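Source file: coords_10.pdb. Holds: PDB, C-alpha atoms.
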```pdb
ATOM      1  CA  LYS A   1      -8.168   9.587  15.766  1.00  0.00           C
ATOM      2  CA  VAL A   2     -10.399  11.928  13.667  1.00  0.00           C
ATOM      3  CA  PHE A   3      -8.240  14.457  11.897  1.00  0.00           C
ATOM      4  CA  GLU A   4      -9.258  17.986  11.267  1.00  0.00           C
ATOM      5  CA  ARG A   5      -9.144  18.870   7.588  1.00  0.00           C
ATOM      6  CA  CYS A   6      -6.098  21.216   7.467  1.00  0.00           C
ATOM      7  CA  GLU A   7      -4.337  19.167  10.069  1.00  0.00           C
ATOM      8  CA  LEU A   8      -4.500  16.168   7.724  1.00  0.00           C
ATOM      9  CA  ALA A   9      -3.474  18.300   4.676  1.00  0.00           C
ATOM     10  CA  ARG A  10      -0.228  19.427   6.347  1.00  0.00           C
ATOM     11  CA  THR A  11       0.457  15.885   7.638  1.00  0.00           C
ATOM     12  CA  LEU A  12       0.053  14.420   4.128  1.00  0.00           C
ATOM     13  CA  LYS A  13       2.210  17.177   2.712  1.00  0.00           C
ATOM     14  CA  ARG A  14       4.985  16.415   5.239  1.00  0.00           C
ATOM     15  CA  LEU A  15       4.773  12.699   4.304  1.00  0.00           C
ATOM     16  CA  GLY A  16       5.391  13.421   0.606  1.00  0.00           C
ATOM     17  CA  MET A  17       1.912  12.873  -0.811  1.00  0.00           C
ATOM     18  CA  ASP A  18       1.604  16.079  -2.796  1.00  0.00           C
ATOM     19  CA  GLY A  19       2.110  15.188  -6.494  1.00  0.00           C
ATOM     20  CA  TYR A  20       3.063  11.596  -5.605  1.00  0.00           C
ATOM     21  CA  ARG A  21       2.735   9.679  -8.885  1.00  0.00           C
ATOM     22  CA  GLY A  22       1.065  12.870 -10.268  1.00  0.00           C
ATOM     23  CA  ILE A  23      -1.694  13.027  -7.625  1.00  0.00           C
ATOM     24  CA  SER A  24      -2.309  16.394  -6.009  1.00  0.00           C
ATOM     25  CA  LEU A  25      -2.870  16.727  -2.257  1.00  0.00           C
ATOM     26  CA  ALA A  26      -6.519  17.843  -2.873  1.00  0.00           C
ATOM     27  CA  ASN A  27      -7.240  14.482  -4.557  1.00  0.00           C
ATOM     28  CA  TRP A  28      -5.783  12.567  -1.581  1.00  0.00           C
ATOM     29  CA  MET A  29      -7.866  14.714   0.751  1.00  0.00           C
ATOM     30  CA  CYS A  30     -11.072  14.091  -1.265  1.00  0.00           C
ATOM     31  CA  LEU A  31     -10.270  10.350  -1.028  1.00  0.00           C
ATOM     32  CA  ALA A  32      -9.761  10.264   2.804  1.00  0.00           C
ATOM     33  CA  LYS A  33     -12.905  12.482   3.233  1.00  0.00           C
ATOM     34  CA  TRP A  34     -15.224  10.133   1.421  1.00  0.00           C
ATOM     35  CA  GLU A  35     -13.524   6.910   2.530  1.00  0.00           C
ATOM     36  CA  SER A  36     -13.420   7.454   6.274  1.00  0.00           C
ATOM     37  CA  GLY A  37     -14.384  11.037   7.165  1.00  0.00           C
ATOM     38  CA  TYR A  38     -10.658  11.424   8.070  1.00  0.00           C
ATOM     39  CA  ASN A  39     -11.018   8.752  10.741  1.00  0.00           C
ATOM     40  CA  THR A  40      -8.042   6.414  11.283  1.00  0.00           C
ATOM     41  CA  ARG A  41     -10.085   3.766  13.158  1.00  0.00           C
ATOM     42  CA  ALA A  42     -12.695   3.271  10.403  1.00  0.00           C
ATOM     43  CA  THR A  43     -13.243  -0.395   9.362  1.00  0.00           C
ATOM     44  CA  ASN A  44     -15.697  -1.766   6.868  1.00  0.00           C
ATOM     45  CA  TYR A  45     -16.334  -5.503   6.518  1.00  0.00           C
ATOM     46  CA  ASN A  46     -17.367  -6.672   3.085  1.00  0.00           C
ATOM     47  CA  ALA A  47     -19.575  -9.667   3.697  1.00  0.00           C
ATOM     48  CA  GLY A  48     -19.750 -10.665  -0.003  1.00  0.00           C
ATOM     49  CA  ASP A  49     -16.073 -11.442  -0.370  1.00  0.00           C
ATOM     50  CA  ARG A  50     -14.914 -11.684   3.283  1.00  0.00           C
ATOM     51  CA  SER A  51     -12.450  -8.831   3.190  1.00  0.00           C
ATOM     52  CA  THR A  52     -12.253  -5.684   5.420  1.00  0.00           C
ATOM     53  CA  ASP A  53     -11.260  -2.132   4.534  1.00  0.00           C
ATOM     54  CA  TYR A  54      -8.955  -0.498   7.139  1.00  0.00           C
ATOM     55  CA  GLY A  55      -8.158   3.057   8.255  1.00  0.00           C
ATOM     56  CA  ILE A  56      -8.228   6.531   6.871  1.00  0.00           C
ATOM     57  CA  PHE A  57      -7.850   5.360   3.263  1.00  0.00           C
ATOM     58  CA  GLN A  58     -10.015   2.211   3.642  1.00  0.00           C
ATOM     59  CA  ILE A  59      -7.303  -0.069   2.270  1.00  0.00           C
ATOM     60  CA  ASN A  60      -8.532  -3.587   1.615  1.00  0.00           C
ATOM     61  CA  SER A  61      -7.262  -6.808   3.288  1.00  0.00           C
ATOM     62  CA  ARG A  62      -7.450  -8.997   0.152  1.00  0.00           C
ATOM     63  CA  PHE A  63      -4.738  -7.176  -1.741  1.00  0.00           C
ATOM     64  CA  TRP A  64      -2.836  -4.820   0.465  1.00  0.00           C
ATOM     65  CA  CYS A  65      -2.622  -5.558   4.134  1.00  0.00           C
ATOM     66  CA  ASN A  66      -2.835  -8.852   6.050  1.00  0.00           C
ATOM     67  CA  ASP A  67      -5.387  -9.511   8.749  1.00  0.00           C
ATOM     68  CA  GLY A  68      -5.087 -13.369   8.651  1.00  0.00           C
ATOM     69  CA  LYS A  69      -8.845 -13.943   8.064  1.00  0.00           C
ATOM     70  CA  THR A  70      -9.292 -12.861   4.384  1.00  0.00           C
ATOM     71  CA  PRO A  71      -9.403 -15.625   1.657  1.00  0.00           C
ATOM     72  CA  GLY A  72      -6.849 -15.082  -1.181  1.00  0.00           C
ATOM     73  CA  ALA A  73      -4.923 -12.305   0.675  1.00  0.00           C
ATOM     74  CA  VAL A  74      -1.886 -11.089  -1.276  1.00  0.00           C
ATOM     75  CA  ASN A  75      -0.484  -8.542   1.268  1.00  0.00           C
ATOM     76  CA  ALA A  76       1.256  -6.326  -1.308  1.00  0.00           C
ATOM     77  CA  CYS A  77       2.095  -3.593   1.299  1.00  0.00           C
ATOM     78  CA  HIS A  78       3.672  -6.302   3.520  1.00  0.00           C
ATOM     79  CA  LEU A  79       1.868  -4.773   6.473  1.00  0.00           C
ATOM     80  CA  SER A  80      -0.426  -6.071   9.241  1.00  0.00           C
ATOM     81  CA  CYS A  81      -3.851  -4.442   8.814  1.00  0.00           C
ATOM     82  CA  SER A  82      -3.623  -3.273  12.445  1.00  0.00           C
ATOM     83  CA  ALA A  83      -0.869  -0.846  11.296  1.00  0.00           C
ATOM     84  CA  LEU A  84      -3.625   1.031   9.413  1.00  0.00           C
ATOM     85  CA  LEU A  85      -5.677   1.630  12.615  1.00  0.00           C
ATOM     86  CA  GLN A  86      -2.951   3.705  14.352  1.00  0.00           C
ATOM     87  CA  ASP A  87      -3.274   7.434  15.090  1.00  0.00           C
ATOM     88  CA  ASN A  88       0.056   7.901  13.295  1.00  0.00           C
ATOM     89  CA  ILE A  89      -0.705   7.515   9.565  1.00  0.00           C
ATOM     90  CA  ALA A  90       2.885   7.024   8.286  1.00  0.00           C
ATOM     91  CA  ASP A  91       2.210   3.324   7.528  1.00  0.00           C
ATOM     92  CA  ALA A  92      -1.169   3.983   5.904  1.00  0.00           C
ATOM     93  CA  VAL A  93       0.585   6.598   3.719  1.00  0.00           C
ATOM     94  CA  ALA A  94       3.403   4.165   2.733  1.00  0.00           C
ATOM     95  CA  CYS A  95       0.763   1.576   1.743  1.00  0.00           C
ATOM     96  CA  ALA A  96      -1.359   4.160  -0.118  1.00  0.00           C
ATOM     97  CA  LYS A  97       1.778   5.102  -2.213  1.00  0.00           C
ATOM     98  CA  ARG A  98       2.155   1.352  -2.977  1.00  0.00           C
ATOM     99  CA  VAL A  99      -1.516   1.114  -4.199  1.00  0.00           C
ATOM    100  CA  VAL A 100      -1.054   3.962  -6.724  1.00  0.00           C
ATOM    101  CA  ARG A 101       2.177   2.589  -8.193  1.00  0.00           C
ATOM    102  CA  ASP A 102      -0.153   0.122  -9.941  1.00  0.00           C
ATOM    103  CA  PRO A 103      -1.305   1.497 -13.414  1.00  0.00           C
ATOM    104  CA  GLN A 104      -4.812   2.282 -12.118  1.00  0.00           C
ATOM    105  CA  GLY A 105      -3.357   4.781  -9.621  1.00  0.00           C
ATOM    106  CA  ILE A 106      -5.953   6.475  -7.438  1.00  0.00           C
ATOM    107  CA  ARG A 107      -8.762   5.082  -9.614  1.00  0.00           C
ATOM    108  CA  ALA A 108      -8.215   1.892  -7.552  1.00  0.00           C
ATOM    109  CA  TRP A 109     -10.618   3.397  -5.016  1.00  0.00           C
ATOM    110  CA  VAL A 110     -14.112   3.470  -6.453  1.00  0.00           C
ATOM    111  CA  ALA A 111     -15.189   6.229  -4.072  1.00  0.00           C
ATOM    112  CA  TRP A 112     -12.589   8.589  -5.706  1.00  0.00           C
ATOM    113  CA  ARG A 113     -14.270   7.913  -9.129  1.00  0.00           C
ATOM    114  CA  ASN A 114     -17.743   8.574  -7.692  1.00  0.00           C
ATOM    115  CA  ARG A 115     -17.049  11.669  -5.656  1.00  0.00           C
ATOM    116  CA  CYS A 116     -13.736  13.238  -6.755  1.00  0.00           C
ATOM    117  CA  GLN A 117     -12.844  12.470 -10.433  1.00  0.00           C
ATOM    118  CA  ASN A 118     -13.779  15.416 -12.726  1.00  0.00           C
ATOM    119  CA  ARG A 119     -14.854  17.581  -9.885  1.00  0.00           C
ATOM    120  CA  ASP A 120     -13.385  20.724  -8.489  1.00  0.00           C
ATOM    121  CA  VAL A 121     -11.624  19.408  -5.333  1.00  0.00           C
ATOM    122  CA  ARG A 122      -9.715  22.508  -4.349  1.00  0.00           C
ATOM    123  CA  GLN A 123     -12.026  23.221  -1.427  1.00  0.00           C
ATOM    124  CA  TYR A 124     -10.555  20.262   0.464  1.00  0.00           C
ATOM    125  CA  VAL A 125      -7.208  22.104   0.880  1.00  0.00           C
ATOM    126  CA  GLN A 126      -8.307  25.737   0.920  1.00  0.00           C
ATOM    127  CA  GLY A 127      -7.035  27.779   3.743  1.00  0.00           C
ATOM    128  CA  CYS A 128      -4.738  25.019   4.996  1.00  0.00           C
ATOM    129  CA  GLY A 129      -1.584  26.867   3.859  1.00  0.00           C
ATOM    130  CA  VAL A 130      -0.349  23.858   1.976  1.00  0.00           C
TER     131      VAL A 130
END
```
Represent the structure of the file as structure tokens.
Amino acid sequence: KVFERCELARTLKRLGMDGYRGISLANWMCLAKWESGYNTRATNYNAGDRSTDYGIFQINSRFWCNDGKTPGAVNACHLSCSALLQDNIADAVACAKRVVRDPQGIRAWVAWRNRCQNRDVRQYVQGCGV
């Protein structure tokens, strides 16, 4: 499903993402925006290393979820990658909290460094009443 902006902000808020491991909701919103355009069915295959990025947060199949076809898969979220293509994002959120418990935190997603780090990101949550 493609979320509307404030719709996603309140859903993430309800699921405990605001200030999770010090990360504001606006930073999580900036990340989903640039990773998938808030689209839960987004997939991106990475031909160079044979892995795929799944869902609204574009979580990768080498380290986090298992799709069975990625070389060297670790499956740290202990989740099938199909769980990240559901309309309900509760599993994607539980795996995203797992990613940022690593020292790197949200810096684990390159797109957050390129488009969100050291930028004003308050516009992603403005007017959502969150």
List the residues matched by the PyMOL selection byres ((chain A and resi 78-80) around 10) in the displayed structure as JSON, numbers by chain, ordered by chain and then by residue number.
-> {"A": [61, 63, 64, 65, 66, 67, 68, 74, 75, 76, 77, 81, 82, 83, 84, 85, 91, 92, 94, 95]}
Distance query region 114-126 of chain A at most 10 Å, all atoms listed in the file, self and fewer than 4 positions along chain excluded, as a list in words | residues 5, 6, 8, 9, 10, 24, 25, 26, 27, 28, 29, 30, 31, 33, 34, 106, 107, 109, 110 and 130 of chain A
Can you list, as a PyMOL selection string, every protein, DNA or RNA residue that comes within 12 Å of residue 49 (chain A) when you count only C-alpha atoms, leaving out same-chain residues fewer than 6 positions away?
-> chain A and resi 60-62+69-73
May I have the centre and edge lengths, in Å to one decimal, of an axis-aligned box around the listed atoms of region 123-130 of chain A with 5 Å added to every side, as AutoDock Vina command-line options?
```
--center_x -6.2 --center_y 24.0 --center_z 1.8 --size_x 21.7 --size_y 17.5 --size_z 16.4
```
Tell me, in Å to one decimal, how far CA of residue 17 (chain A) is from CA of residue 97 (chain A).
->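 The value is 7.9 Å.
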Picked residues, the PyMOL selection byres ((chain A and resi 55) around 8), expected as a list in words |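 That selection, the PyMOL selection byres ((chain A and resi 55) around 8), comes back as residues 36, 39, 40, 41, 42, 43, 53, 54, 56, 57, 58, 59, 84, 85 and 92 of chain A.
Taking CA of residue 1 (chain A) and CA of residue 23 (chain A) as endpoints, the distance between them is 24.5 Å.
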Have a look at CA of residue 20 (chain A) and CA of residue 108 (chain A) and let me know their distance in Å, one decimal.
->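 Separation of CA of residue 20 (chain A) and CA of residue 108 (chain A): 15.0 Å.
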Which of these, A:50, A:22, A:35, A:128, has the shortest distance to residue 101 (chain A) once you count all atoms listed in the file?
-> A:22
Judged by all atoms listed in the file, the minimum distance to residue 98 (chain A) among A:14, A:2, A:21, A:112 is found for A:21
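Nearest residue to residue 15 (chain A) among A:93, A:100, A:32, A:47 is A:93, counting all atoms listed in the file.
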Using only C-alpha atoms: which of A:127, A:48, A:37, A:103 has the shortest distance to residue 3 (chain A) = A:37
